[PDB]
Amino acid sequence: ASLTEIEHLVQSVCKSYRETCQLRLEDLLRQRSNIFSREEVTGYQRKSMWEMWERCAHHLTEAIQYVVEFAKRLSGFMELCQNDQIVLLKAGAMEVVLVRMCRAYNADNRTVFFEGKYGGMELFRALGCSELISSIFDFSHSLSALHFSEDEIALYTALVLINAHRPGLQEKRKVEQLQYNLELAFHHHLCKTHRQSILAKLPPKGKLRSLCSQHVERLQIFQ
Ligand SMILES: CC(=O)Nc1cc(-c2ccc(N(C)C(=O)c3c(F)cccc3Cl)c(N3C[C@H]4C[C@H]4C3)c2)n(C(C)C)n1
């Protein structure tokens with residue numbers, strides 16, 4: 001599986017990402033100045049956990065939808081069997097959602113974009129999940145320091161999803177072979193862009209898994 005050919009793989013992945021990222025980077029950057037007032041924040045803090053949750057769960061389900069679209073446009077993903085398609089999405093999707101959040105986060109003032117404006121962690125107080133929210137803000141913050149280009153995220157999240165060590169896989173070797181080509185592609189694009197430095201700054205092995213184990217833990221869905 002050759003080199004001119006991983007060059008096309010890099011371009012292609014980067015395109016799928018761009019075609020499924022839901023909010024454009026430009027808009028997020030532009031809207032940074034648009035912050036929630038002291039009153040608009042109080043409004044959100046007054047609502048019940050249940051209304052926050054509805055709003056949050058709808059935004060998540062749309063985001064997952066986009067992640068699933070992204071996967072479906074990566075080379076070879078659609079050629080894997082259905083059970084394997086599912087096992088990779090079930091295991092990675094919310095991890096990708098989480099990494100995609102860092103583009104909507106603003107290290108200047110510890111704020112994130114949500115429903116048309118930018119807001120600190122206190123916006124989400126009726127959820128009663130200060131610990132979890134707070135550790136999402138910290139992961140988003142130490143990711144914002146890498147100044148991850150859009151293409152690096154696309155390649156990195158392609159590797160979040162395409163992972164042959166997910167328990168449950170049945171054609172492991174065909175996943176391995178997609179994963180390998182994607183790893184080379186990321187490496188090679190880092191070398192083309194002089195950005196090899198970022199490989200050592202990326203989430204320690206398992207930081208993402210365990211933040212997702214913790215996140216998936218709220219099924220407020222049950223009620
Ligand atoms: C336009 C818009 O608002 N989009 C939007 C909003 C959310 C969104 C949707 C849901 C969440 N929250 C709050 C949760 O994922 C969540 C929950 F629903 C229940 C308990 C704990 C958590 Cl973190 C958050 N958080 C978590 C952390 C406070 C920041 C932003 C963010 N998303 C995600 C798909 C990226 N996209």
Side-chain angles (χ1 to χ4, degrees), residues 16-37 40-72 89-145 148 150 152-154 156-158 160-161 203 207-218 220-223:
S16 313
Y17 176 73
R18 172 176 147 99
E19 284 189 359
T20 57
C21 65
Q22 156 159 61
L23 299 149
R24 292 176 312 260
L25 195 74
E26 71 173 345
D27 275 310
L28 305 172
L29 288 179
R30 197 212 54 183
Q31 293 233 67
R32 285 184 175 192
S33 85
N34 196 207
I35 297 167
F36 274 108
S37 60
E40 290 165 312
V41 172
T42 298
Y44 268 106
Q45 285 178 324
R46 282 240 280 166
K47 310 176 177 315
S48 76
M49 70 185 67
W50 290 103
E51 191 175 3
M52 269 311 269
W53 168 250
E54 269 181 54
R55 294 192 182 214
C56 295
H58 161 81
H59 289 120
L60 286 150
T61 78
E62 289 256 56
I64 283 157
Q65 193 57 27
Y66 285 113
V67 177
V68 162
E69 293 318 324
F70 170 68
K72 275 211 285 132
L89 288 151
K90 175 154 155 45
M94 270 304 294
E95 296 182 33
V96 170
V97 169
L98 174 54
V99 165
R100 291 179 160 204
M101 277 176 67
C102 84
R103 299 159 73 261
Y105 175 89
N106 182 194
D108 285 320
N109 60 356
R110 314 197 81 264
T111 62
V112 80
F113 187 89
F114 173 89
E115 290 188 353
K117 307 184 212 198
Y118 274 92
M121 76 182 99
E122 81 266 4
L123 219 71
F124 297 96
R125 191 221 266 167
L127 275 180
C129 292
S130 282
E131 211 148 13
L132 179 60
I133 301 286
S134 180
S135 323
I136 295 174
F137 274 54
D138 298 319
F139 184 102
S140 291
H141 196 247
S142 67
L143 219 55
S144 295
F148 256 23
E150 296 284 277
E152 301 169 337
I153 284 161
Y156 182 70
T157 47
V160 166
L161 289 171
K207 182 150 91 107
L208 171 64
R209 275 74 165 285
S210 83
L211 193 63
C212 258
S213 158
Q214 200 173 328
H215 195 172
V216 172
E217 222 202 56
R218 317 267 154 199
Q220 293 177 335
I221 289 284
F222 177 71
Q223 292 149 352

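In listed order, ligands and their atoms are each counted from 1. Position 1 is the first residue of the sequence; numbering continues from there. Only heavy atoms go into these numbers, but all of them, side chains included; no hydrogens, no water, no symmetry mates.
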Which of the numbered atoms in ligand 1 are below 4.0 angstrom from a heavy atom of [X]?
| X | value |
| --- | --- |
| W53 | 18 (F) |
| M101 | 27 (C), 29 (C), 30 (C), 35 (C) |
| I136 | 23 (Cl), 27 (C) |

Under 4.0 Å, counting heavy atoms only: does [X] come that close to any atom of ligand 1?
| X | result |
| --- | --- |
| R100 | no |
| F137 | yes |
| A57 | no |

Using a 4.0 Å heavy-atom cut-off, which part of [X] comes near ligand 1: side chain, backbone, both, or neither?
| X | result |
| --- | --- |
| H215 | side chain |
| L123 | neither |
| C56 | both |
| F114 | both |

Sub-3.5 Å donor-acceptor pair from the side chain of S213 to the main-chain atoms of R209, do we have one?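 It does not hold such a pair.
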Main-chain N/O of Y118 paired to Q31 side chain as donor or acceptor, under 3.5 Å: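 No: the side chain of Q31 does not pair with the backbone of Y118.
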Rounded to the nearest 0.5 Å, what's the gap from NE2 on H59 to CZ on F114? Could you check?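 So the NE2 of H59 and the CZ of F114 are separated by 5.5 Å.
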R218 N/O to ligand 1 N/O under 3.5 Å: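 Between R218 and ligand 1, no N or O pair is found under 3.5 Å apart.
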Any nitrogen or oxygen of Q220 lying under 3.5 Å from a nitrogen or oxygen in ligand 1? Just yes or no.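 Looking only at distances, the answer is no, because the N/O contact criterion of under 3.5 Å is not met.
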Yes or no on side chain to side chain contact (heavy atoms under 4.5 Å, CB included) for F36 and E122, after CA distance, side-chain angles and deciding distance? CA-CA 11 Å; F36 274 108; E122 81 266 4; over 6 Å; no
Under the salt bridge (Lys or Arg N to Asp or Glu O under 4.0 Å) rule, what pairs show up with a residue in residues 42-52, not counting sequence neighbours?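 For residues 42-52: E51-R55.
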Assess the residue pair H215 and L98 against the criterion (side chain to side chain contact (heavy atoms under 4.5 Å, CB included)); give the C-alpha distance rounded to whole Å, side-chain angles, the decisive distance to 0.1 Å, and a yes or no. CA-CA 10 Å; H215 195 172; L98 174 54; 5.7 Å; no
Should we say atom CE of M121 is surrounded by more than 12 heavy atoms from elsewhere, each under 6.0 Å from it?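 Buried by this count: over 12 neighbours within 6.0 Å.
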Those residues that, when tested against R125, pass side chain to side chain donor-acceptor pair (under 3.5 Å) (two or more places apart):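 For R125 there are no side chain to side chain donor-acceptor pair (under 3.5 Å) partners, ignoring immediate neighbours.
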